[PDB]
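S.K.: Pasting a structure below so you can have a look.
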Amino acid sequence: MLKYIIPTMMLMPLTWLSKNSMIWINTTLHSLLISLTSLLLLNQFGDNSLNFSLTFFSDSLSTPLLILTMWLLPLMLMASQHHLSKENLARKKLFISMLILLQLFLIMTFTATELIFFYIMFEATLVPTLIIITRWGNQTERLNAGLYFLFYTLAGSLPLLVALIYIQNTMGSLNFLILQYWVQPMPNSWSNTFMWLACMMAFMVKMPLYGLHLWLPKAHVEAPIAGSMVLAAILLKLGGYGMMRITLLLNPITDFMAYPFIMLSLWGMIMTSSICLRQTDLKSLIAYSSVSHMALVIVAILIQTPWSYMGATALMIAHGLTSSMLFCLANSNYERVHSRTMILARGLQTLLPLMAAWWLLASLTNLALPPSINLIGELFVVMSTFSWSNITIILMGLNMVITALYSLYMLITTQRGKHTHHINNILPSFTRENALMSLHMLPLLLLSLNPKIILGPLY
Amino acid sequence: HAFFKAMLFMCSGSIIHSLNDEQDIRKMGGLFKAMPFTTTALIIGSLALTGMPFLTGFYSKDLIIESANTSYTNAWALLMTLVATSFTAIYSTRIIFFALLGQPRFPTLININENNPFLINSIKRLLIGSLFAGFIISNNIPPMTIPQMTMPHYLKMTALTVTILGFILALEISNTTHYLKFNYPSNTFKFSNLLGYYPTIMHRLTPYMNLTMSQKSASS
Amino acid sequence: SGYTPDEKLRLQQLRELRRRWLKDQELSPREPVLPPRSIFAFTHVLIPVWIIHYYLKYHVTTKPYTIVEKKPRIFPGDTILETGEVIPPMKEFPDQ
Amino acid sequence: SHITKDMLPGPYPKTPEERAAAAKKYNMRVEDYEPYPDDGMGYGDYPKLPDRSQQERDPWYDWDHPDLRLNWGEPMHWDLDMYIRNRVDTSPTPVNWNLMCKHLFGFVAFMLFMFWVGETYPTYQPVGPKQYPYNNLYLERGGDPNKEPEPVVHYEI
Amino acid sequence: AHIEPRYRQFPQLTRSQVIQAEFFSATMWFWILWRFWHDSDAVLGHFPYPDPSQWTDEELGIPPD
Amino acid sequence: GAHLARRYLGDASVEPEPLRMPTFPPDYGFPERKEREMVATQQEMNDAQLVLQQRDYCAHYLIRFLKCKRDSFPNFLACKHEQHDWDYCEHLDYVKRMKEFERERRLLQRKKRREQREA
Amino acid sequence: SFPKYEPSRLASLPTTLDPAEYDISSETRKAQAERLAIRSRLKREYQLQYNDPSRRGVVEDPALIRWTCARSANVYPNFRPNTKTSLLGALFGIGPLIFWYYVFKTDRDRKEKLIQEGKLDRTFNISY
Amino acid sequence: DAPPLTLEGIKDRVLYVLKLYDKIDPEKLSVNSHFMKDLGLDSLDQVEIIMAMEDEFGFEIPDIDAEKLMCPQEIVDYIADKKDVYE
Amino acid sequence: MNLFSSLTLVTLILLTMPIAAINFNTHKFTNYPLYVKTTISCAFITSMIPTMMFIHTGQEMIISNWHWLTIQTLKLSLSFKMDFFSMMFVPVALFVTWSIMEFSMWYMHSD
Amino acid sequence: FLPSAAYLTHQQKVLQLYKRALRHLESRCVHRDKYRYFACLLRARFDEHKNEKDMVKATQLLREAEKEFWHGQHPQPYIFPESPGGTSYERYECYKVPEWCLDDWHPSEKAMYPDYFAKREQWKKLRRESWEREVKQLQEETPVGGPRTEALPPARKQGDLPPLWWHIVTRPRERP
Amino acid sequence: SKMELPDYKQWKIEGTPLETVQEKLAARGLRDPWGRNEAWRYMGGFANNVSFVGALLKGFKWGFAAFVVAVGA
């Protein structure tokens, strides 16, 4: 795994000692080389995980997320120009090296063995995102966005450390196998309830759950495109990855103590799909869509079926690609007009006649068009929750209907019916944004053909 | 039904694009002998509706209603099929009368043309389809059920009875439309014409409720 | 009421401008553009038919539980095409 | 740019200066400026409009924004995202609203009651059950190869 | 070159479209006449529907009660 | 028809209920009148893959119908006399079922009303 | 001859049978004249800043900006917790949550007790 | 669905449907004629004429204009504006 | 029968060329309506044959291949079945849509 | 709600009622002859009290006329297939491309259509040549401190174009 | 783009529903119709467009001859 760690380090002084019109080809080319390098990883088989050291290992939950991260970096790096290319050279280098250090702590986090190392690399994942969104937050409340961001994620993720140290000095070391192979059930004393509540509540904060989802929308409407893609895709599915690992312990009380969180997640999934039907600020609709999909994820995690975990990890990867793509299209539209609102930029079936093809393709993946991965995820989660209860399918189908309607409203609101004919500044589509769309929607369809890779440990 | 209404929609679109995409039955009145390929096409289609005995439209509709009559039915659905066959007869005859054999009410500078190879090929092909394919398909099916075939009297005649009384009923409505009185809406007229009340009520109440709850309760 | 004379005059200047524009819009320099620079049925009902007929012998029969037929119904007056033996005919009919 | 005092803190009181400022600010008639009032639901100080306004505004005026009936300077009623045509069409109905709902509920209730009257009272053409040849067609239903013969016969009638 | 438009008069009809219109109507009517007469009798049911069963008490099996 | 109108308006006793037609014990006015021949050779009826609710009476007409239809396939309009005769056999089956209906109807009516209007 | 067209929140009141359009006082003429004057001046400003051949960007309507800033950012100021606000908040925020919570408790206790009896149809229920 | 309109053709069609109207004459029917001064007909039948144009050509004209056409030349001009009559 | 499965799968695969063709063409074909009409006609004439074979004998058969995510006790392949409905509905739909291809050649001449 | 004045008037209000009732009588009445009869009957009904020197009785009869009209309207009033509400409602809006485009083309296609783009360039120079002085002076010259009208005066002064004309002239041709 | 103008004073209305309804409105006492417009709708190739059962009786003019030939076949 150090074969992946150390070139991610050595991509950083590259960016320092390259010059003007020389950083760019180096960073993008070499990051795509690292994408091939981790495409080499996928060997995992049968009995167990694969151990890349006495320190690192990979579960098959971790392999598609790690490949998704090293796929998403060069896409992101090309995406984050034309809004900072006119800024200074040293600040641009600092931005690129910030993203590289960010990816490095993401690889650190996904290839964890011990949960304490996982926690250190969790908040090391946190700290570059803060600096990016605050330095290039590009709107008047990036102050409040970063402040809400860091205080929610730390103050939720703070007692998780205490609970993990307590588990450390009551059950030996914290390798995932020695967390396994030795775990004993823990009864319904209230200390067990608070310990489970601490761990599960910290990752509830990081998903988000419904009672703590206003962490999200300021932190995406007042962020640059790179930090937004990082935050949405890699950080929310990293929180899901963490709960998927640490839910191995404390199974004999999660049945008794999991009842309020499921109901909060279900009714809040309905309320969040309702709240993103009527808002302006088009950038935020993807954020509330993300809250809806993560509520479905949390339903899938707290029910404990292998069907549920397969559907959960498929929903994770497909929604990560969908949200990162659709953030990039919203950034394209904001590069067109300086509005960020929804009802202003209209028309665009005439003009840019193939940008609409990418909007349609993203909107139908967010619809969960049926050969795609998102319908695979949502379908197996609905199957597992109907085996959980014979009644919850009302909420799932009503989520499906309202999700169809707001995704279609996003499609046919801003890009259907009449141009406002006082715009007269939008350029025809560059090769760059079309290349970014092509980097998004080739792997999603190629996994739609052969999806046996991305299913979880319970394959 | 597939052969049937594909041919019917295609004839309708032929008429509509023949008359400058105006599409409405008022301001369309008399178009018989404005070339009668399309008028022949529509009278073939709309008399294949209810099954002029016995064509392709006869077999499906009338064996369905007589087998429903020879079944442990729900005693109200039989009367529903009765009234529905009468209704489909009367609007079929009314749409033929108002479309073709009325008096010509359509704006001037006529540009009617159907000397057109693709349209005569398509309409030819589907009238030849909808005249033979019902008998051809219905003949060589493997018998997947036991046909009844043993009906009482005044229960096999009733199909043709309802279609003929529908023709006569729409005919007398037509010959009252020839009169001049300027009658008034009696609210069953309004219930029939204005979709009665379901799309208006649902499409003006169900959007307003969920978005009243979206603004006050949910968002703000 | 009627137009004011100012509206009439303004409107006729717009008449002249709109007619000059629309007459400019009909391009006709006598050259609009300029250029800078059995087989159907044969290939389509042979070549995918050849490829699918190659696909539907070999790979599809090496996958064992694959394309399978609901059985050809045998009738009591027939005989078996494969080895050859008859099925006994049906018995007495009467009172039809 | 944008002026700081073109934002909007606080409701109506007091009446001279704040209503004069809102008339200068939202570009409205002075005594047609209506706050909601202040029940503390948020809502700022934004005006109340005649609330339907979109199957109104008859389409031959030739304003600026062709599919929204805008005129670039109207104060734009709070619930406009629910009022773009393609979302909610509040046309003046050809009949009523109460007459609509009462006749629709009456017709659907009567038809479902006649469905129940049908469900308790079937039709049948007067014919007994079929004469299945081998013990109500046994050995070709769900299984039972040699478990129990189930003797039942038919007699010629 | 092709057909012309006229103003407030009855439009002209070329002979081909009208002769195939009459042909298709007459061949529908010939088909339904020949099919109504050749074998079926699809209006009827080809077999006499009986009375209530036979109205024959002391037949079909009863005791004299 | 009007028989169902009588069954819904009038007394529901003498009009028999469907799907519970066998009520009276058999051969009450028959005695010794039964053949039920059924010479349709059930093993052959299963050998040719027939359908449920076709493993019934008049089966050998269907056997020869499918046999002549298979054996004369390009003669598209060949087998019609066997089709008509199978229709006639099922017509006789339908007549026999109607006779069974009004048998049990007139038994229930005349027997029960005779006993309870002379007792 | 007509029940005088009772209105609703959905059925708009058409321009014909108001019947306030027929009691024309001088105040209505004054209001219509001033409203036409306001629309005239706004269309004048917009058309002069709309037909400029050097104007590259968008016309930047302050009406849309003002409505958006009133809609999103100008909610949390201003506010006071009233009886109506707190009542509707605890009703439409907590009510459905606790209702769905109790009914899933009921369904889960039914299914747990019933499969604790063992008489459920899980003879093969593999895909759990 | 595009037959070409022209100024002579629209002039002929409008004058045809004016001449077909009853209470005017085919003698004193000028292109430059008033619906108020010399033809002498009232506002009511003037808007009946406006209705005849709307029902022939297939589009409404607004009532901001129907006050103030009053002559056939401005009728031809206004349908020339609605249709933008050049090839 | 190899003929039966072969002709049904090529009735499927004849509706695969033109989409990828004009996704791969970039040189705008003039005869594109004629091309789509003649490939629908070829699909029709290939679909007429096995339905006649079906009514001729029976031989009522399913195809099933390329299983993906055969994960738990289930599996799912791309699989479709020639019984009676999916057997002999397809010629009617192809025939109807072929005539609509003619009518939409004419009706959409001006776009 | 109209650009000219603050109201229609009584006269045009009665006139719009007459147009609507006559149109609804079209939508009610087929065969056109009994239609012509009933239209002349309606004309006589308005001829009964046209010459009222009173005004309040006239507007009260207007309100009662609106009541008997709204009681007697049609479910589908016959809207023409070019009107809003009708069958078209910008039917061929697929090709109603605004003309601020067509300059953002590659110069290969600008070489494909040379004369049209040369004449369009001199159109734009005509636009910019008389944009500042005449147009903005005539806008900030005539009216009161409040404009209070939605019309605008022409350029009757000497020469060039009436002001604010570009998005009026350069519209789609409504059948492309 | 010529049209040749099929002209006025030619229609001369006389079309029997319009003429009889001008009779009825004359007995009513109005005598002020729209006039000679709709004779292009009431004569020409128009003027007793066939009744509704005639379009259904239209089928056997070529039909009965073919049917008698097929009976003889």
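Simple scheme: letters A, B, ... for chains in structure tokens order, numbers from 1 for residues in each chain, numbers from 1 for ligands in the order shown.
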Per residue of chain D within 10 Å of chain F, note the shortest atom pair and the distance in Å to one decimal, counting only C-alpha atoms, and order the rows by chain and increasing residue number, as a Markdown table.

M.R.:
```
| residue | atom | partner | partner_atom | distance |
| --- | --- | --- | --- | --- |
| D:121 | CA | F:8 | CA | 7.5 |
| D:122 | CA | F:4 | CA | 8.7 |
| D:123 | CA | F:4 | CA | 6.6 |
| D:124 | CA | F:18 | CA | 7.5 |
| D:125 | CA | F:1 | CA | 8.0 |
| D:126 | CA | F:98 | CA | 6.1 |
| D:127 | CA | F:98 | CA | 4.6 |
| D:128 | CA | F:97 | CA | 5.3 |
| D:129 | CA | F:19 | CA | 7.1 |
| D:130 | CA | F:97 | CA | 7.6 |
| D:131 | CA | F:56 | CA | 6.8 |
| D:132 | CA | F:56 | CA | 5.1 |
| D:133 | CA | F:56 | CA | 5.4 |
| D:134 | CA | F:42 | CA | 8.3 |
| D:136 | CA | F:56 | CA | 9.4 |
| D:137 | CA | F:55 | CA | 7.0 |
| D:140 | CA | F:52 | CA | 7.9 |
| D:141 | CA | F:52 | CA | 8.4 |
| D:153 | CA | F:36 | CA | 8.7 |
| D:154 | CA | F:36 | CA | 6.6 |
| D:155 | CA | F:34 | CA | 4.9 |
| D:156 | CA | F:34 | CA | 4.6 |
| D:157 | CA | F:96 | CA | 6.7 |
```

S.K.: Could you pull out the residues in range 35-69 of chain G that DSSP calls helix (DSSP H, G or I) from the backbone, as a PyMOL selection string?

M.R.: chain G and resi 35-48+62-69

S.K.: Just the residues within 12 Å of residue 38 in chain E, please, counting only C-alpha atoms, with nothing from its chain fewer than 6 positions along; format it as a list in words.

M.R.: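 Listing them by chain and then by number gives residues 54 of chain B; 30, 31 and 32 of chain E; 67, 70, 71, 72 and 73 of chain K.
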
S.K.: Could the residues of chain A that have an atom at most 10 Å from chain D be listed as a Markdown table, each with its closest atom pair and the distance in Å to one decimal, counting only C-alpha atoms and ordered by chain and ascending residue number?

M.R.:
```
| residue | atom | partner | partner_atom | distance |
| --- | --- | --- | --- | --- |
| A:277 | CA | D:81 | CA | 9.5 |
| A:278 | CA | D:81 | CA | 6.2 |
| A:279 | CA | D:81 | CA | 7.7 |
| A:280 | CA | D:81 | CA | 8.0 |
| A:342 | CA | D:81 | CA | 9.6 |
| A:343 | CA | D:81 | CA | 8.3 |
| A:409 | CA | D:87 | CA | 9.9 |
| A:413 | CA | D:86 | CA | 9.6 |
| A:417 | CA | D:67 | CA | 8.3 |
| A:418 | CA | D:67 | CA | 7.3 |
| A:419 | CA | D:66 | CA | 9.4 |
| A:420 | CA | D:65 | CA | 6.6 |
| A:421 | CA | D:65 | CA | 8.6 |
| A:422 | CA | D:65 | CA | 9.5 |
```

S.K.: Can you pull out every residue within 10 Å of residue 31 in chain C, counting only C-alpha atoms, but drop anything in the same chain fewer than 4 positions away, and send it as a PyMOL selection string?

M.R.: (chain C and resi 27) or (chain J and resi 112-113)

S.K.: May I ask you to extract the residues of chain B within 10 Å of chain H, using only C-alpha atoms, and to give them as a PDB file with N, CA, C and O atoms, in the first residue's frame?

M.R.:
```pdb
ATOM      1  N   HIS B  17     -52.854  17.654 -40.329  1.00  0.00           N
ATOM      2  CA  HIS B  17     -51.809  18.300 -41.110  1.00  0.00           C
ATOM      3  C   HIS B  17     -52.283  18.657 -42.512  1.00  0.00           C
ATOM      4  O   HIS B  17     -51.659  19.494 -43.171  1.00  0.00           O
ATOM      5  N   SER B  18     -53.382  18.065 -42.977  1.00  0.00           N
ATOM      6  CA  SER B  18     -53.980  18.549 -44.210  1.00  0.00           C
ATOM      7  C   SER B  18     -54.618  19.914 -44.019  1.00  0.00           C
ATOM      8  O   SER B  18     -54.651  20.716 -44.957  1.00  0.00           O
ATOM      9  N   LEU B  19     -55.107  20.215 -42.819  1.00  0.00           N
ATOM     10  CA  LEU B  19     -55.825  21.470 -42.650  1.00  0.00           C
ATOM     11  C   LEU B  19     -55.079  22.365 -41.660  1.00  0.00           C
ATOM     12  O   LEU B  19     -55.648  22.847 -40.675  1.00  0.00           O
ATOM     13  N   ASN B  20     -53.767  22.508 -41.887  1.00  0.00           N
ATOM     14  CA  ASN B  20     -52.919  23.546 -41.285  1.00  0.00           C
ATOM     15  C   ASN B  20     -52.809  23.435 -39.765  1.00  0.00           C
ATOM     16  O   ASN B  20     -52.643  24.452 -39.084  1.00  0.00           O
ATOM     17  N   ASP B  21     -52.903  22.202 -39.252  1.00  0.00           N
ATOM     18  CA  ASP B  21     -52.675  21.859 -37.843  1.00  0.00           C
ATOM     19  C   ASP B  21     -53.640  22.597 -36.912  1.00  0.00           C
ATOM     20  O   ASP B  21     -53.245  23.158 -35.889  1.00  0.00           O
ATOM     21  N   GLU B  22     -54.919  22.583 -37.275  1.00  0.00           N
ATOM     22  CA  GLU B  22     -55.930  23.312 -36.518  1.00  0.00           C
ATOM     23  C   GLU B  22     -56.765  22.417 -35.613  1.00  0.00           C
ATOM     24  O   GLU B  22     -57.311  22.902 -34.620  1.00  0.00           O
ATOM     25  N   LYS B  27     -64.791  24.224 -36.455  1.00  0.00           N
ATOM     26  CA  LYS B  27     -63.897  24.664 -37.533  1.00  0.00           C
ATOM     27  C   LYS B  27     -63.228  23.450 -38.197  1.00  0.00           C
ATOM     28  O   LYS B  27     -62.024  23.437 -38.462  1.00  0.00           O
ATOM     29  N   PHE B 106     -64.492  25.525 -42.546  1.00  0.00           N
ATOM     30  CA  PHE B 106     -63.055  25.556 -42.315  1.00  0.00           C
ATOM     31  C   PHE B 106     -62.503  26.692 -43.148  1.00  0.00           C
ATOM     32  O   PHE B 106     -63.028  26.932 -44.244  1.00  0.00           O
ATOM     33  N   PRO B 107     -61.494  27.424 -42.670  1.00  0.00           N
ATOM     34  CA  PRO B 107     -61.140  28.700 -43.299  1.00  0.00           C
ATOM     35  C   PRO B 107     -60.534  28.516 -44.679  1.00  0.00           C
ATOM     36  O   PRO B 107     -60.015  27.457 -45.035  1.00  0.00           O
ATOM     37  N   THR B 108     -60.612  29.584 -45.458  1.00  0.00           N
ATOM     38  CA  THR B 108     -60.345  29.525 -46.886  1.00  0.00           C
ATOM     39  C   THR B 108     -58.847  29.457 -47.178  1.00  0.00           C
ATOM     40  O   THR B 108     -58.018  29.312 -46.276  1.00  0.00           O
ATOM     41  N   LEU B 109     -58.511  29.604 -48.466  1.00  0.00           N
ATOM     42  CA  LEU B 109     -57.221  29.223 -49.044  1.00  0.00           C
ATOM     43  C   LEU B 109     -56.898  27.779 -48.652  1.00  0.00           C
ATOM     44  O   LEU B 109     -56.041  27.493 -47.816  1.00  0.00           O
ATOM     45  N   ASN B 111     -55.623  24.056 -48.731  1.00  0.00           N
ATOM     46  CA  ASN B 111     -54.358  23.467 -49.140  1.00  0.00           C
ATOM     47  C   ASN B 111     -54.385  21.971 -48.903  1.00  0.00           C
ATOM     48  O   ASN B 111     -53.409  21.365 -48.453  1.00  0.00           O
TER      49      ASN B 111
END
```

S.K.: Find the residues around range 77-85 of chain A up to 7 Å (only C-alpha atoms counted), leave out those fewer than 4 positions away in its own chain, and share them as a list in words.

M.R.: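 Result of the neighbour search: residues 73, 225 and 226 of chain A.
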
S.K.: For a quick test of understanding: name the residues of chain I lying within 12 Å of chain G when counting only C-alpha atoms, and present them as a VMD selection string.

M.R.: chain I and resid 71 to 75

S.K.: Could you write out that same residue set with C-alpha atoms as a JSON list (two decimals), in the first residue's frame?

M.R.:
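Output (again_36.json):
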```json
[["chain", "number", "residue", "atom", "x", "y", "z"],
["I", 71, "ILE", "CA", -24.82, -13.24, -5.59],
["I", 72, "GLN", "CA", -26.91, -15.10, -2.99],
["I", 73, "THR", "CA", -29.26, -18.08, -3.45],
["I", 74, "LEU", "CA", -30.74, -16.29, -6.49],
["I", 75, "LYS", "CA", -29.25, -15.27, -9.82]]
```

S.K.: Just want the 6 Å neighbourhood of range 9-12 of chain G, counted on only C-alpha atoms, with same-chain residues fewer than 6 positions away dropped. Output as a PDB file with N, CA and C atoms, in the first residue's frame.

M.R.:
```
ATOM      1  N   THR D  90     -54.259  28.225 -11.131  1.00  0.00           N
ATOM      2  CA  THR D  90     -55.464  28.649 -10.429  1.00  0.00           C
ATOM      3  C   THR D  90     -56.353  29.458 -11.369  1.00  0.00           C
ATOM      4  N   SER D  91     -56.943  28.751 -12.321  1.00  0.00           N
ATOM      5  CA  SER D  91     -57.891  29.378 -13.217  1.00  0.00           C
ATOM      6  C   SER D  91     -59.217  29.611 -12.497  1.00  0.00           C
ATOM      7  N   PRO D  92     -59.933  30.675 -12.843  1.00  0.00           N
ATOM      8  CA  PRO D  92     -61.343  30.764 -12.452  1.00  0.00           C
ATOM      9  C   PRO D  92     -62.143  29.660 -13.115  1.00  0.00           C
ATOM     10  N   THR D  93     -62.662  28.752 -12.292  1.00  0.00           N
ATOM     11  CA  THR D  93     -63.259  27.520 -12.779  1.00  0.00           C
ATOM     12  C   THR D  93     -64.568  27.805 -13.513  1.00  0.00           C
TER      13      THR D  93
END
```
